[PDB]
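Given next are two forms of a protein chain, the same chain in both, each as structure tokens and marked structure 1 or structure 2.
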Structure 1
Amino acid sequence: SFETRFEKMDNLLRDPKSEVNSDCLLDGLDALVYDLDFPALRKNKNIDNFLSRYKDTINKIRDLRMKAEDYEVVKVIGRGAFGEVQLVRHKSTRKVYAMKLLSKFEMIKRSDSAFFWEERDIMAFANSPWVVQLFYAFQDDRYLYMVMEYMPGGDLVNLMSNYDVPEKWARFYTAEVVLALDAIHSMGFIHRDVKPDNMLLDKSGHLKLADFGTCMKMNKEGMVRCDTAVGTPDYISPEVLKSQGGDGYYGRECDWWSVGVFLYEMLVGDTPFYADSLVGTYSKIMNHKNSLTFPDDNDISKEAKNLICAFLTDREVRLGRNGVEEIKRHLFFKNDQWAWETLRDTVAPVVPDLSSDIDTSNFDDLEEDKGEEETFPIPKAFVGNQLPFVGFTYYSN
């Protein structure tokens, strides 16, 4: 078991999960150079000499390390207000990826600069067939970049829009979502907004969760307190809505509420609390005991209705509070084609037809930003706008 301090330090340098690995320490240097190199700061001789020593090295370093220029932008497949996601191809290797851009200017300006660490951690390290993998994270003075596996299947909002979804399909996607969420919970995170938008389909048509921006690490009780609120309330549980008003802590069962809403949406065609205003939806959700209604059309399988109602319910009695096994045993999951352990080896309901490795047909097309880069006022003294981003770089090795 014993290791010398020298061995320990050496492990720290090579460990991908370490904040002191080489790539992380390169960040520090790179950031310091960015933030010190202005004519006013250079009147300090300490700073001026430091930068003279290090600027040859720093320019060559910035040249060797991975950079935005290493990738061609094929098309824009998503937009998030801190930036966007682009289909890219690497120049040397020709491999195709999805690349997320995050704007350092906006994050600083809007003073939301800490939110992406969970998403980095999850996608880099989950090592699960249920989670979009992060291959490379890098940065320049303007953006953070995340190079992810491309998911040409597109998302579940698209699929629900192009198809009428039978119970057999719904059972399949629901089950894959149950397993994805359990993987995330097992990593110690609560997702906090689960919804069709966050569910991507791969080449074989099997689901993975993407977009981990709202995830939070559970404490030892398995609880979190939402930091950021979220956007649309449609898939959000009552206890999460209430906690937004300062009330308290919630646990992972908030994610299972969302699955309930999702199931309902696939089967019924609308979300169960839908309303043409935000406040109308918020109200329906709080009033869920009364507001939850099953449709005119059909009596859909009672097992389905039963599962949905088991999810949409106060947290103390909600399905999943006793763990994921009680969910997997629900009669709604009983079927011929697959078992829980073999689920991902099954042939999927919709397998995408793809003309090229570049085919975006499952994504709504977006033009381009074409807007212009804003810059901070020039430092009169050390400001350190790059400091929050030190340690972001990551290379799967």
Structure 2
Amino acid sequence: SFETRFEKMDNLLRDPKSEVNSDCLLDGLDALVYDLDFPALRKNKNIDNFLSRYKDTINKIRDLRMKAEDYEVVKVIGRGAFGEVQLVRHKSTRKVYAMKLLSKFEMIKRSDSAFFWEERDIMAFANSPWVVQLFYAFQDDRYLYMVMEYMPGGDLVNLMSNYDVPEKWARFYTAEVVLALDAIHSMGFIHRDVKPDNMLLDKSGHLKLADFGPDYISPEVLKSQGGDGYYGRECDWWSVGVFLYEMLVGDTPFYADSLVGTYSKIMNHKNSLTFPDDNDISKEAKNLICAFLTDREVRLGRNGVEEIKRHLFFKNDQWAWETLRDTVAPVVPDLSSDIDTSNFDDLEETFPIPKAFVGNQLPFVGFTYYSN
């Protein structure tokens, strides 16, 4: 059938989850112009003629497509190894967002340029109240850009520093992390390193997970990094136990001065896991921490989220699992302005000119995403 094959082709060209969608195919042409336009390369007739034929329209497309210049940087609200997070405002729409930038130079230099694909897909397609949304994803020759919802409530590292977390609060945050992880697991993904930095609080003080691509890592994720083991969803449930312990105790359960010491304490969890002498912690809170901080064969979460939800630590009279997001969060942030950075602490290299085709833009083809 000719029209069935022609229809299937249009499906691939218009589906946002397709690698050959219209905005993805445009990335290939854009990358090709960035990577070919060098004097040594343009000596090749095929290259010089192709660029003459497409540099007018590619420069035109670069202007029409979303670009960094469409955003007004307000402040830098975060920083990482490969870039930074900026609170930005779209010039035309005036809407504020959080934009994550990833340096193509650093990524290529460190030979690490494929870690962002699952983060892009989870945030773009989750469609969940528990996952930070990615509205747009674009790029230029130097950076990858991720336009996400701004989470003014800050992160849980900040919350834990500013407050003495009572059990009533710890139960709320732990339950929201349980629902957030279940939404991610339902999509077919495993977070791997769930930590308080990945837990962001929206305008109403409710939690959403962000940042998909040592203290919080499970024993199986450590073992499997030596190229022989394997792990399941229960590796994220281990992280929940570490988070609950840090919240009620003030320290990570396997803290050590050295990275080796932490790694070793995690493997020796049956002997290193201890609750300080001066612990006001309930028996149900300790039960839940121990049920998560154990080997994967007997870990809570092995037989789904239901056994986690039924734990006595979650028994309370303020909320229910099915309506938890409608309840008032323990810390509802001060909604002063759309530019409020109160909950956040405040704080370039060009590629060498190629003498042959290097293709530095190739590992980024297909990153562009427009939610419409």
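Structure 1 provides the reference sequence; residues are numbered from 1 along it. Heads up, when I say rigid core I mean the largest set of C-alphas that superpose within 1.5 Å between the two forms.
Would you mind telling me which residue of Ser204, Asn306, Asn158, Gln244 shifts its Cα by 2 Å or more between structure 1 and structure 2 when the core is superposed? Residue with a C-alpha shift of 2 Å or more: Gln244.
How much does the C-alpha of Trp117 move between structure 1 and structure 2, in Å, given a rigid core overlay? Its alpha carbon moves by 0.4 Å.
Could you state, for a rigid core superposition, the Cα shift of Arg53 between structure 1 and structure 2 in Å? Comparing between structure 1 and structure 2 after core fitting, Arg53 shifts 1.1 Å at its C-alpha.
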